[PDB]
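Here is the naming used below: chain letters follow the sequence lines, and residue numbers restart at 1 for every chain.
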There are 2 protein chains.
Amino acid sequence: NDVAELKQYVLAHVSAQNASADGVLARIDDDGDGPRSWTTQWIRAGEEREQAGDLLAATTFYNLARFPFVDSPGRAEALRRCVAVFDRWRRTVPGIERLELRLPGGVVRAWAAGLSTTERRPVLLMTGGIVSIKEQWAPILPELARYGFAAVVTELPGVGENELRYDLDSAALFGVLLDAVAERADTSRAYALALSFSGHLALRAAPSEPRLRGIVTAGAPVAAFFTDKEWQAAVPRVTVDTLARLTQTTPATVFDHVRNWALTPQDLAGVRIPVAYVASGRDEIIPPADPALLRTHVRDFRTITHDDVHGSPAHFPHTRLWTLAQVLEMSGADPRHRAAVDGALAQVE
Amino acid sequence: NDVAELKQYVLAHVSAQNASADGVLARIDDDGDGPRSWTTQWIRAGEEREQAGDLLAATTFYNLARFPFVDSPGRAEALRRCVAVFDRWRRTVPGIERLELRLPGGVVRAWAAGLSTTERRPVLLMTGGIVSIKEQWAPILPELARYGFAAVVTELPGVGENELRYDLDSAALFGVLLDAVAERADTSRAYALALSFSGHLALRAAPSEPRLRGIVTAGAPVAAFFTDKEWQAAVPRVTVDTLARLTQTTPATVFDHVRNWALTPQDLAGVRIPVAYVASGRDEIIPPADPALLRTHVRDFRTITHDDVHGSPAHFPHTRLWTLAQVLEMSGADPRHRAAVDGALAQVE
């Protein structure tokens, strides 16, 4: 992995939320093994905070150690202790449960909250993209539960502890998670807060999974991402390598491998549910043609655009409230919750 | 206090950094001392996170309980617990120490890092505004120390554990802080990173404190803030009440009391150092004419405007880098540090 690419992810998506990260960046010279390497430095910084009692700080740093995907025994150890340190933290928070699903293609693990035997709460499935482990979003589970959801936070196939191969049959993962919490939630009403590539997977699942009632995404790939080769040549190496790893192909073959993932107009027409999309004006990963294709073909499309890079990290104050407003509208959540968020949303604009 | 005002500060300056905050806001109906009151809910939320081992989260919540100023035994108790839980956190972080100055007019406390009897590192004095206690910024001391500074974080007179009366002689505070760390730092070269009202104090002190070599501020009141009665009538009640409390006057008299705080053209002509200024276009506290007067009267003025409310909380990613860049250029810090910040600062733009 190119270390400049790796550092630039921290600068844009982390430094502003934890400024100790800039101190660790300044001790990292390469991506190998060894005392000044990315993985070692991030692991040592996580041990320091873990031993100091800061279990979320330690979670962040061990997450960073494993980023962008586990390609080494140093990284595999990173993830193992990111998962474990977050497991320690979550126990001091009531209502956060581990879900384990054993499937033919391997094990999927997840974090949930707002689950109940006696009540039937609408399901919120939350997933990042291809470099985003589930422990990034899990801390937010209690807030999700407060808004009325049986909230499940997971990982795309090949990410974190998710063992499946990432392929077109992974669209079926929404439905299988639903099946696992059917005794503890209203799986008749599910909503996918599915960021980046997981948004693509959600779109693909919609036409043959009627329990999915709405999708809220940010910078999901659609069609041009998979078909436009010139654009692909300029896509960051980390995107290409990670997607190779997840699909179980190779950096040089992955775009040809995934060419038939393109959502056709027949596929978008089967999407008969509300779709919200947060778009980034400077997106390095998604071509402009993809958000446009959803605007043309999806019957109930809501969208907003920020002048930012992928995942709009400089616009989190706006995107957290906008994505949440969309989720509550789609699910017909309590007006009191909707007024609160919409008041907070009007405040930021 | 007006509980709606209180909740909006949390909405604009905190929620995006800690989403648990929105959960506690939903349980607060008033600013009394009942079980659904502001102070009780924030204290209960800090206890829960303190018992769980999240000492920074607890610090934040006890800070909120105390906010905007201690006017009751509940808030006083909040503050005492905020200071104590911050003290436990910082014992886990090597280099962070407590400074206590016993003055004629009362006791001032501070957090410092990067102090050394065998080196002479330039001083970075850091201070918030009138509702901003020490412990909000203290977590970033080690980052300040990493950039080469002998860093001291403190509070305005009457805020947090600072016992002084906030008056015109309070400009002498910077110089007295320097004196206390004269054996452990290069107090010939001091830089004030002084937000909001502390910015004004710093400007005031500059022409009679030659050890102050530069000021980096955000939304500092200058002149019009103090003299324009029409503007003052629409200033938020919490600003009015806090300022009355600090100055040891009353809400109905505070603007008449501080009318002579306005920095005259003679005052500004005595400011012979660089001053950087982050301005907010929707600033609800500082009239436009204040930034403009500094542009015309300060010989080395640097500035930048965001489309945001006071303290530009939606633009933290940008302001952390811009203010830091300014501090490092001002202080002739190592070019390796300036290159890294200026790279980060070009990425975020």
Side-chain angles (χ1 to χ4, degrees), chain B residues 9 13 63-64 66-71 75-76 78-79 82-83 86 98-112 123-138 140-141 151-180 190-206 209 212 215-222 225-226 235-236 238-249 251 254-255 257-258 260-263 277-278 285-286 290 310-311 323:
Chain B
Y9 178 91
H13 288 86
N63 178 350
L64 287 163
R66 152 229 77 93
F67 174 105
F69 60 89
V70 171
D71 76 350
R75 287 196 156 81
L79 181 60
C82 181
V83 174
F86 184 75
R98 198 190 274 282
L99 298 185
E100 185 180 41
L101 294 64
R102 304 190 140 281
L103 294 168
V107 183
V108 179
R109 288 147 101 84
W111 292 113
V123 179
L124 187 57
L125 304 180
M126 174 158 197
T127 38
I130 62 180
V131 298
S132 186
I133 64 186
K134 253 164 28 257
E135 289 73 26
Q136 181 184 347
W137 315 106
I140 55 66
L141 283 170
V152 181
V153 176
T154 193
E155 268 152 349
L156 287 187
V159 175
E161 316 178 87
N162 190 321
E163 298 183 347
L164 295 192
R165 182 185 63 183
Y166 195 6
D167 58 27
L168 279 190
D169 289 334
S170 297
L173 182 50
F174 298 110
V176 168
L177 288 167
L178 299 181
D179 299 350
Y191 299 89
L193 173 59
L195 282 15
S196 197
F197 286 81
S198 69
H200 166 274
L201 198 53
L203 288 163
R204 181 99 215 165
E209 178 48 271
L212 195 48
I215 299 163
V216 176
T217 187
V222 175
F225 173 77
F226 300 99
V235 161
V238 67
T239 295
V240 178
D241 296 346
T242 298
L243 189 52
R245 198 71 167 216
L246 301 194
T247 63
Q248 299 176 12
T249 62
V254 70
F255 290 128
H257 191 252
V258 309
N260 76 320
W261 290 25
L263 289 171
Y277 191 115
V278 181
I285 285 157
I286 310 300
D290 284 333
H310 191 70
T323 56

Enquirer: Can you tell me how far CG of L246(B) sits from CG of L164(B), rounded to the nearest 0.5 angstrom?
Expert: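 These two atoms lie 11.0 Å from each other.
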Enquirer: A side-chain contact here means heavy atoms from C-beta on lying under 4.5 Å apart; do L101(B) and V107(B) qualify?
Expert: no
Enquirer: Centroid-to-centroid, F226(B) to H200(B), below 6.0 Å?
Expert: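 Ring centroids of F226(B) and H200(B) are less than 6.0 Å from each other.
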Enquirer: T154(B): which residues meet the side-chain hydrogen bond (donor to acceptor under 3.5 Å, both in side chains) condition with it, sequence neighbours left out?
Expert: none
Enquirer: For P236(B) versus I285(B), what's the shortest heavy-atom pair and its separation?
Expert: CD-CG1, 4.5 Å
Enquirer: So, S170(B) side chain and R165(B) main chain: donor-acceptor pair closer than 3.5 Å or not?
Expert: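 Flag set: sc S170(B) to bb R165(B) pair under 3.5 Å.
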Enquirer: With sequence neighbours left out, what residues match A172(B) under side-chain contact (heavy atoms from CB on, under 4.5 Å)?
Expert: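 With sequence neighbours excluded, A172(B) shows a side-chain contact (heavy atoms from CB on, under 4.5 Å) to no residue whatsoever.
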Enquirer: Who are the ring pair (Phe, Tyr, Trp, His ring centres under 6.0 Å) partners of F174(B), not counting sequence neighbours?
Expert: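 Here no residue qualifies.
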Enquirer: Is there side-chain contact between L263(B) and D290(B), with heavy atoms separated by less than 4.5 Å?
Expert: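 The answer is no, as the side chains (C-beta and beyond) never meet within the 4.5 Å cut-off.
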Enquirer: Tell me every residue that passes side-chain contact (heavy atoms from CB on, under 4.5 Å) with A138(B), counting only those two or more places apart in sequence or in another chain.
Expert: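 Partners of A138(B) by the side-chain contact (heavy atoms from CB on, under 4.5 Å) criterion, ordered by chain and then number, come out as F86(B), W111(B), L141(B).
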Enquirer: With sequence neighbours excluded, tell me which residues meet side-chain hydrogen bond (donor to acceptor under 3.5 Å, both in side chains) with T323(B).
Expert: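 Not a single residue meets the side-chain hydrogen bond (donor to acceptor under 3.5 Å, both in side chains) criterion with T323(B).
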Enquirer: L79(B): what forms a side-chain contact (heavy atoms from CB on, under 4.5 Å) with it, not counting sequence neighbours?
Expert: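 Applying side-chain contact (heavy atoms from CB on, under 4.5 Å) to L79(B) gives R66(B), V70(B), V83(B), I133(B).
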Enquirer: The criterion is side-chain contact (heavy atoms from CB on, under 4.5 Å); which residues satisfy it with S132(B), sequence neighbours excluded?
Expert: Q136(B), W137(B)
Enquirer: Taking all non-hydrogen atoms of both residues, which atom of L178(B) and which atom of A190(B) are closest, and how far apart?
Expert: CD2-CB, 3.6 Å
Enquirer: With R109(B), which residues qualify under side-chain hydrogen bond (donor to acceptor under 3.5 Å, both in side chains), at least two apart?
Expert: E100(B), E161(B)
Enquirer: Can you name the closest pair of heavy atoms from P251(B) and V240(B) and give their distance?
Expert: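 Nearest heavy atoms, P251(B) then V240(B): O-CG1, 3.6 Å.
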Enquirer: Name all residues meeting the ring pair (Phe, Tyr, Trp, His ring centres under 6.0 Å) criterion together with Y191(B); count only those two or more places apart in sequence or in a different chain, and write none if there are none.
Expert: none
Enquirer: Minimum heavy-atom separation for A194(B) to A202(B), with atom names?
Expert: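 Taking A194(B) first and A202(B) second, the nearest heavy atoms are CB-CB, 4.2 Å.
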Enquirer: Side chains of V108(B) and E163(B), heavy atoms from C-beta outward: is any pair under 4.5 Å?
Expert: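 Counting from C-beta outward, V108(B) and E163(B) never come under 4.5 Å.
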Enquirer: Would you check if the distance from the ring center of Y166(B) to the ring center of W261(B) is below 6.0 Å?
Expert: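 Close enough - the centres of the two rings lie under 6.0 Å apart.
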Enquirer: Report yes if the side chains of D167(B) and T247(B) come closer than 4.5 Å at any heavy-atom pair, otherwise no.
Expert: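 The answer is no; the side chains never approach within 4.5 Å.
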Enquirer: Under the side-chain hydrogen bond (donor to acceptor under 3.5 Å, both in side chains) rule, collect the residues that match up with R75(B), sequence neighbours excluded.
Expert: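 By the side-chain hydrogen bond (donor to acceptor under 3.5 Å, both in side chains) rule, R75(B) matches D31(B), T39(B), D71(B).
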Enquirer: Taking only residues two or more places apart in sequence or in another chain, which ones pass salt bridge (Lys or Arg N to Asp or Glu O under 4.0 Å) with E155(B)?
Expert: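 Applying salt bridge (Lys or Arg N to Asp or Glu O under 4.0 Å) to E155(B) gives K134(B).
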